[PDB]
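Worksheet for the structure shown next.
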Amino acid sequence: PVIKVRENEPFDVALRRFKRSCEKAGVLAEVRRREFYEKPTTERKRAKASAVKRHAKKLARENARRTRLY
Amino acid sequence: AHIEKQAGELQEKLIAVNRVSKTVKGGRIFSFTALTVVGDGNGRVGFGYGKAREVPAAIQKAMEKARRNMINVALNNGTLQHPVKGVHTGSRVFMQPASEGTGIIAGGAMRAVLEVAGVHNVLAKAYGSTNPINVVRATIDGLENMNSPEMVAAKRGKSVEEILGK
Amino acid sequence: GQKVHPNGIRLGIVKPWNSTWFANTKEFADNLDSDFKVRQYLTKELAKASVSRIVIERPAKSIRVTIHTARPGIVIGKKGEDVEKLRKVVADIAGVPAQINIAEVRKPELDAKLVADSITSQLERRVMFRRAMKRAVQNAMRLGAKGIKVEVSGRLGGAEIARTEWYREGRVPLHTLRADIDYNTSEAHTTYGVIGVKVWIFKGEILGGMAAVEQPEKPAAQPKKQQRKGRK
Amino acid sequence: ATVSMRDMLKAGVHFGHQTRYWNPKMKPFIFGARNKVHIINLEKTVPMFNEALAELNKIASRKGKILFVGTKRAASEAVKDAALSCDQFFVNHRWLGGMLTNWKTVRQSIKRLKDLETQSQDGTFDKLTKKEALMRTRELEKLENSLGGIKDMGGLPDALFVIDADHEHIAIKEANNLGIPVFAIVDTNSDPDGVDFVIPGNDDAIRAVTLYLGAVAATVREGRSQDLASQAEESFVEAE
RNA sequence: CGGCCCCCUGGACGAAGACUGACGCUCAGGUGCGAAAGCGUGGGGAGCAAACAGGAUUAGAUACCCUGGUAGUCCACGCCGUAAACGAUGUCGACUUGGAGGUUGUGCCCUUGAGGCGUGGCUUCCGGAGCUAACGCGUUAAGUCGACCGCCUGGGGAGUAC
Numbered sequence: 002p003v004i005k006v007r008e009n010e011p012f013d014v015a016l017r018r019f020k021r022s023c024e025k026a027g028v029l030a031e032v033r034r035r036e037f038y039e040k041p042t043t044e045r046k047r048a049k050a051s052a053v054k055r056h057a058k059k060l061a062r063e064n065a066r067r068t069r070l071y
Numbered sequence: 002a003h004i005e006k007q008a009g010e011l012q013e014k015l016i017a018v019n020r021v022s023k024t025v026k027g028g029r030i031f032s033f034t035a036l037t038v039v040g041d042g043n044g045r046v047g048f049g050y051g052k053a054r055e056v057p058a059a060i061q062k063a064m065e066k067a068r069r070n071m072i073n074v075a076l077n078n079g080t081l082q083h084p085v086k087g088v089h090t091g092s093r094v095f096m097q098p099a100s101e102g103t104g105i106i107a108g109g110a111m112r113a114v115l116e117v118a119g120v121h122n123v124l125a126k127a128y129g130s131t132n133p134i135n136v137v138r139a140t141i142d143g144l145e146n147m148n149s150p151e152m153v154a155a156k157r158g159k160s161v162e163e164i165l166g167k
Numbered sequence: 002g003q004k005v006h007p008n009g010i011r012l013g014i015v016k017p018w019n020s021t022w023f024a025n026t027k028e029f030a031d032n033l034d035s036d037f038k039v040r041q042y043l044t045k046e047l048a049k050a051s052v053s054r055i056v057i058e059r060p061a062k063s064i065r066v067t068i069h070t071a072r073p074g075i076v077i078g079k080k081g082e083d084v085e086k087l088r089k090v091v092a093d094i095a096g097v098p099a100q101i102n103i104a105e106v107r108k109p110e111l112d113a114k115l116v117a118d119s120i121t122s123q124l125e126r127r128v129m130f131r132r133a134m135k136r137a138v139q140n141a142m143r144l145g146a147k148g149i150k151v152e153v154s155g156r157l158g159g160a161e162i163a164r165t166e167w168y169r170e171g172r173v174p175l176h177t178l179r180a181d182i183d184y185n186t187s188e189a190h191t192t193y194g195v196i197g198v199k200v201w202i203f204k205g206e207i208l209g210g211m212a213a214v215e216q217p218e219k220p221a222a223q224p225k226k227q228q229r230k231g232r233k
Numbered sequence: 002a003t004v005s006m007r008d009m010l011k012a013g014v015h016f017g018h019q020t021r022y023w024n025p026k027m028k029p030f031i032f033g034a035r036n037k038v039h040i041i042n043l044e045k046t047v048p049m050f051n052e053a054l055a056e057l058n059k060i061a062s063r064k065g066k067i068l069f070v071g072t073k074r075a076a077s078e079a080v081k082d083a084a085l086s087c088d089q090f091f092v093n094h095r096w097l098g099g100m101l102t103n104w105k106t107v108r109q110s111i112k113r114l115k116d117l118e119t120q121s122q123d124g125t126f127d128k129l130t131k132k133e134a135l136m137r138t139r140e141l142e143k144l145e146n147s148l149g150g151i152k153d154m155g156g157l158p159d160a161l162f163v164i165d166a167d168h169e170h171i172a173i174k175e176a177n178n179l180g181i182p183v184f185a186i187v188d189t190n191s192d193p194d195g196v197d198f199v200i201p202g203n204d205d206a207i208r209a210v211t212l213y214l215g216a217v218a219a220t221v222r223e224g225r226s227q228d229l230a231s232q233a234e235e236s237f238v239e240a241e
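Protein chains in written order, with full-length UniProt numbering: chain A, 2 to 71; chain B, 2 to 167; chain C, 2 to 233; chain D, 2 to 241.
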């Protein structure tokens, strides 16, 4: 999992951000772990789930203008 | 206090008293809690669960909440004709119009909570939890819509009120 | 149950000592034990009066009692026989003849031992204590001061457990060195044993009832103060 | 008064924004978005604007006291101006929670302020350490900034003057429990619900928010002014 | 229910033209139909694994944990259809402020940005009336209701006994 997609300009440290798009996730991540059939649909596919903390933050920005904390 | 009826002097019917404390990190809570009903014989919603450090202060706090922001309820002393199918937090009541010639039997304090409410003749046995705190709540949810008509034009009665909104 | 005793660090500045005399080391124990005996046996006689403090003082060839009271007339009794009997026994205990004065009475309703006799009476007399702690506090704050603490112990209601209760209201400093501030711990008996109230009351952060002397050394005494600087 | 159609229009052609979110109970006064920009509906607003302004002229002779609440970084200079003078009270260094319900208390701490201000100027609290005296000067500055436009208020107000409700809901809640009529200016994310009169608006555009409050403020303040004049006019007619 | 195709083919979502005209709701009994392993014969078998064995723990059961290691897991047809069987939210239908996300029939637009409005579609965020013990639900209800059916009536002992 140095990830086959080549890093822009080659260097001794791999640019792990610039490389992954959908590798390792779900396929080679749960190594030495119990495989489930249908749990992965709700267990791993968490892109909506992780957006909510960013939204919460983008809401509280506005309120800090109205409170005069900002 | 604020919107309350032409009560004159206080009902000071204290229904329960407690003291509650966690003692987990630094001793007890010294405060008491109090449950008090304040009416006037003529129909009120006045009911207060409040709390403060000592028993005199507990009652007066509780009574202050029995007396602020409490609607007038416009019943004929101990008779009521238009009660409500009372629900408050699983504690269920179903009063209905009824004579004052037949009396009221009710255990404990219940004729006394009911007496200052004016709903003592219409009351019929409660259901759900018979926990002393919520069992007495007849006079709150059970009085929100009402009348006690004395008018001869009761049989026109919604009509007269309807043609005025036109 | 914490703290070095709250009035005890205050004893060197703006709080007076409870006794003031000096004996040159070797006779200091003999004077301290007599100063105790006058405290113990004299107060036994005035049992029926009400009193806030006892202050014992020893000039040359004399012992002066100061006593601080709920009123000026209370210790004197009918036609001064009573106050002579007090001086009689102060003269019998002490290696000298005796003087007694009653002080000027100032804040006797807010004073350390007289406010605590008023509060101890409720517990002594086995009243319900449903409203007591609030009526004690109501009257201290109605007659004066700036803050009060009361702590009551001795198994309230007759209990077979340790049982304490307390009340603080206003301002009550604890680690302050300046002004007099009044504390008393009462001891008293009832049917079931000994009861006791610990009472801090706080009158003011500046109090002039004991204050430093009028002058420094440098302006005081003789007008021509400079030395010859030898020349015997 | 005739004012009410010119103020609402001048202000309102900003059409707001607040992205496409908004609040459903405000929906009647909202036209549908024009390519991910929010648009006001003004025509349903013309009944609302006139009604509030006619009732404000009327209470002018009955009231002693207005209170300007709902301050923000954008609303403060409009909160200072609308009061114009001290029969009309305002906060711009924050509203604090409970300023009306515990008015008993607020009035005790104001008495601590106008006392300890005349004291600081004689020099009286500067004693002990300089730290103990500067640390008092700094809490006195904060108290002073917070209270500076409400220090003479003799009682609970006759009305509540709200310039946005979005974040200041407790002040309104209590004012209704004291039975005080609230005169509201709401943004799109605000609800018109649960207060007595609305000027439906939006919180963006500095030119809109200034105009809503000036329309609402002018009617009651110069209304009051006219109540005062009529007393003058009664003696004077005989020699006129 | 997830590789891609072909053959047979269900069910739901739209839309115009058009037709019938209560032909409707619910469903005991009922017949059909399995997540999972269980499982009979045939086919298939690569790894992994209950047990089993031994180490390791002392922490006890060969368990846990690690290494060896088998039935099993896998397909086809077939037998009693089990559970936390799911939005533990019955069915279908009528009524109740809405905006917007995901994304799609389709009316309109330079489709000014998984964009905007008209009107259907499942799917979801927010919150109002109502509803809750409380979290929560809220136009896809756990609201207002409709009929009809299904099931529950203190714990332990019993999902066993009969």
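All C-beta atoms, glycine included, are put in the ideal place defined by N, C-alpha and C.
- Among the bridge pairs identified by DSSP, residue 118 of chain C is matched with none.
- Within a 10 Å sphere around the beta-carbon of residue 129 of chain C sit fewer than 16 other beta-carbons, which makes this residue exposed.
- Within its own chain, the residues whose Cβ lies closer than 7 Å to the Cβ of residue 94 of chain B, once the five positions on either side in sequence are excluded, are 87, 127, 139 and 143, listed in chain order.
- Taking 8 Å as the cut-off, the beta carbon of residue 87 of chain C is found no closer than this to the beta carbon of residue 125 of chain C.
- Taking 8 Å as the upper bound for CB-CB distance, residue 203 of chain D and residue 19 of chain D are in contact here, some 7 Å apart.
- For residue 110 of chain D, the closest of D:121, D:151, D:136 and D:91 by C-alpha to C-alpha distance is D:151.
- By the CB criterion at 8 Å, residue 96 of chain B and residue 123 of chain B fall inside the cutoff.
- When Cβ-Cβ separations below 8 Å define contact, residue 56 of chain B makes contact with chain C.
- The contact set of residue 134 of chain C on chain B, defined by CB atoms closer than 7 Å, consists of 55 in chain order.
- Annotation: Cβ neighbours of residue 166 of chain C in chain B (cutoff 8 Å, chain order): 31.
- Those residues of the segment 38-59 of chain D placed with their C-beta closer than 9 Å to a C-beta in chain A do not exist.
- Around the C-beta of residue 12 of chain C, fewer than 16 other C-beta atoms lie within 10 Å, and the residue is accordingly described as exposed.
- A distance below 8 Å separates the beta carbons of residue 52 of chain C and residue 70 of chain C.
- For residue 167 of chain D, the chain A residues whose C-beta falls within less than 7 Å of its own C-beta are 67, listed in chain order.
- Contact between the segment 201-216 of chain C and the segment 168-183 of chain D is absent, with fewer than three C-beta pairs closer than 8 Å.
- When Cβ pairs closer than 8 Å are counted between the two stretches, the segment 78-90 of chain D is seen to touch the segment 208-224 of chain D, the count reaching three or more.
- At the C-beta level, residue 211 of chain D and residue 54 of chain D stay beyond 8 Å of one another.
- Contact holds between the segment 181-193 of chain C and the segment 109-119 of chain C, because three or more Cβ pairs, one in each stretch, are under 8 Å apart.
- Here residue 91 of chain B is near residue 129 of chain B, since their CB atoms are less than 8 Å apart.
- Not a single CB atom of chain A sits nearer than 8 Å to the CB of residue 64 of chain D.
- As the crow flies, the alpha-carbon of residue 144 of chain C is around 15 Å from that of residue 106 of chain C.
- In the structure shown, residue 104 of chain D adopts helical secondary structure according to DSSP, grouped into three states.
- Between residue 131 of chain C and chain B, the shortest Cβ-Cβ separation is below 8 Å.
- Excluding the 5 residues flanking it on each side, residue 13 of chain D has same chain C-beta neighbours closer than 8 Å at 41, 43, 46, 202 and 209, in chain order.
- Checking the DSSP bridge columns, you'll see residue 100 of chain C partnered with C:65.
- The beta-carbon distance between residue 138 of chain C and residue 110 of chain C, rounded to whole angstroms, is 14 Å. This is too long to meet the 8 Å contact definition.
- Interface annotation, residue 71 of chain A: in contact with chain D, CB-CB separation under 8 Å.
- Contact between residue 36 of chain C and residue 68 of chain C is ruled out by a C-beta separation of about 14 Å, above the 8 Å threshold.
- Taking a Cβ-Cβ cut-off of 9 Å, the neighbours of residue 73 of chain D in chain A comprise 66, 67, 68 and 69, given in sequence order.
- For the pair residue 60 of chain D and residue 205 of chain D, the CB atoms are not nearer than the 8 Å cut-off.
- Residue environment analysis places residue 148 of chain D among the buried positions, since at least 16 neighbouring C-beta atoms fall within 10 angstroms of its C-beta.
- Residue environment: residue 37 of chain B is assigned as buried (16 or more neighbouring CB atoms within 10 Å of its CB, all protein chains considered).
- Under the Cβ criterion (8 Å, minimum of three pairs), the segment 174-194 of chain D does not count as touching the segment 115-123 of chain D.
- One finds 68 and 69 in chain A with Cβ atoms closer than 9 Å to the Cβ of residue 95 of chain D, taken in chain order.
- Inter-residue distance for residue 58 of chain D and residue 186 of chain D is about 17 Å (C-alpha atoms, whole angstroms).
- In this structure, residue 135 of chain C lies near residue 55 of chain B, with their beta-carbon atoms less than 8 Å apart.
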